[PDB]
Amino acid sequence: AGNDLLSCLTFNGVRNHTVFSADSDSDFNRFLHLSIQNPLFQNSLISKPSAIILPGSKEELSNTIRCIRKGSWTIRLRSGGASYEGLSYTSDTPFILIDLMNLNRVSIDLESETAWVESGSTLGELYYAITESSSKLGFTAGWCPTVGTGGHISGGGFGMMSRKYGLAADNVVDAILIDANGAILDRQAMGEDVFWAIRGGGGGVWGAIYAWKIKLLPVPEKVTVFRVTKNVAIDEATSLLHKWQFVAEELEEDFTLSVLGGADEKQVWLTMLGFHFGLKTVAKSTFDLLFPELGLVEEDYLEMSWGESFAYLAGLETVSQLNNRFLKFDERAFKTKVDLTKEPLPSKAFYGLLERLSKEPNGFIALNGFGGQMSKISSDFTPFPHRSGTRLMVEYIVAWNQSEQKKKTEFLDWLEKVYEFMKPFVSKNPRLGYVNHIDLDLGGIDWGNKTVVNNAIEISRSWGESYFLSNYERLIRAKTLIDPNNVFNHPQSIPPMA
């Protein structure tokens, strides 16, 4: 029973747990909602955990998993709670939520220039700790400070420094994984196939990552960034985006130029985000040469520390704000979809995308170029396969607040239609995806369904090959090795072999 679970936890010295309560403002509901970053999955109709456990050490994490298995609960692991589909805190079967928020220690070793990072730590907490320790070290990961390292690194982790240094997972050199039996496994213990699989094979599949050991990377004491919003009409916005794609993928590895875009009837807005590993004179000379159409001026270019640049690019007020995991931002529900491209987008693709954005001010797009180091890493170095030959990543987002809930169906329909419009221009056979941008539209396994489970491998190939391409086969072997009994599962987890 739940009381048996409780007894087991006590016997093993795990004290931080809270059982389900109907009391709307119970401590249970407080802990549950503390790390739900998408209000979309926050209402009273959604599944709720039977209990929430907050392990405070690797042994407590090991024993929690050990105890949960003596019952029939589904395990859910949550770090940052940023899952696009709420997969860290929802389940169609009774589940126990293992919340890792107390595992938030970052330990920087300046003598080896590496760090051990407990998996409950956020990217912001990590960046803050790095900046505090050194003005010449940084790390490559995503641009959202509130995202958890647990899910993020497990899925790869792309950001503004990836053209220089690759994904967060491409820079992991050891890890502690707690397996289905509660074993505490470092890189040597888990073996090279499993150490490969965890570095981008997706969270919630292999076991519970207790901590990541990462290599810290050189950054100059001052870098140059810009964040400039152009307010233009569609003719100019189209020509800017069409040229942007070439400038972006082609830039030397020491430069990144990304875009956020949206519109409202005749007014289009494009926010250009620039990063250069170096000083402003070189930064401006490069963009003056390659992209004069942007109309950037001297005062747009800002020199600041690496830590400052990551806080700045995230729209935070100060570096100090990096260190606040529960610092919200906005309170909007959202849905997103993503594409990867292999061929240049024709001008008419950007034109049509902007036309659709112009009709839906709640929608917007995020555009990133690959190339640089992303084209120099082999497709099977880690599970993330989209390397050489991949040109852009394109994200489509629609977001709304409480007062707009009536339009929910309308927003989702808009996003569906945008995705359908882009189909001919983006990757095909299969239409590629990214596991950190998990998308349930592709389908999902009901692990309680016998006929589906028998055919799990074929069925799962739909999303599996989209996220991992030819790396799918090795992932299945790693899964069978580390979690043959499928203790760690969700609608799109890698299936073990029968």
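So that there is no doubt, residue numbering starts at 1 and follows the sequence shown.
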{"property": "Entry-level comparison of average CA B-factors, 205-213 and 296-304, reporting the higher stretch", "result": "296-304"}
{"property": "285-293 versus 174-182 - greater average Cα B-factor per the deposited record", "result": "285-293"}
{"property": "Criterion, highest CA B-factor; candidates, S119, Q405, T271, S347", "result": "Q405"}
{"property": "Per the PDB entry, maximal CA B factor within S470, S460, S466, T64", "result": "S470"}
{"property": "Third assignment of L475 from its chain's C-alpha B-factors", "result": "lowest"}
{"property": "Ranked against its chain, the third holding the CA B-factor of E331", "result": "highest"}
{"property": "Third of the chain's Cα B-factor distribution that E113 belongs to, per the entry", "result": "lowest"}
{"property": "Third assignment of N436 from its chain's C-alpha B-factors", "result": "lowest"}
{"property": "Among modelled residues of the same chain, the CA temperature factor third for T382", "result": "lowest"}
